[PDB]
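Shown here is one chain on its own, the form deposited in one PDB entry, set out as structure tokens.
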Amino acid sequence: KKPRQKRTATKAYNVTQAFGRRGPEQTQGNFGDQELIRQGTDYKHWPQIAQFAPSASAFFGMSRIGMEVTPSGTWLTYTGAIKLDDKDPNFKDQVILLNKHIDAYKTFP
């Protein structure tokens, strides 16, 4: 049993199955429209999204890390920010793509 953070979503084991329903609560992810949720790393523009995901070294190097204990369990918390390069020729498209998936679930029928 690989832990949740090591899972990879695909068409046969999708974002909802691996990582739960999209939503606004603290423990929920909010990222992905219906196409990305159904397809995971098979999504047509997945590489353009993954360019922004951190390496293990960067995850622990760039982030503010903490530990919290709640009734549900013991949690390693993380927060940070990643600058988009507005000198990148593909900047405008990167922004459009990220905004299409952030909080997409709010307009799901």
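Numbers for residues come from their place in the sequence shown, where the first is 1. Rigid core here is just the name for the largest C-alpha set that superposes within 1.5 Å across the two forms.
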Greater Cα displacement in 9 other deposited structures of this protein once the core is superposed, comparing 53 to 61 with 70 to 78: 70 to 78
Looking at the deposited entry, does 63 to 71 or 80 to 88 carry the larger mean Cα B-factor? 80 to 88
Between 13 to 21 and 89 to 97, which has the higher average C-alpha B-factor in the PDB entry? 89 to 97
Given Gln51, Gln26, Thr41, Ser57, identify the residue with the highest C-alpha B factor in the PDB entry. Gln26
Relative to the other modelled residues of the same chain, rank the CA B-factor of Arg7 and answer lowest, middle or highest third. lowest
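The discussion below concerns the form solved in complex with a small molecule, not included here.
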Would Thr10, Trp46 and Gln51 all count as contacting the small molecule in the deposited bound form, using a 4.5 Å heavy atom cut-off? no
In the deposited bound form, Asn30 touching the small molecule (heavy atom, 4.5 Å): no
Would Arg22 count as a contact of the small molecule in the deposited bound form, using a 4.5 angstroms cut-off between non-hydrogen atoms? yes
Is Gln34 near the small molecule? Define near as a heavy atom within 4.5 Å, in the deposited bound form. yes
Taking the shortest heavy atom distance, is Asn14 within 4.5 Å of the small molecule in the deposited bound form? yes
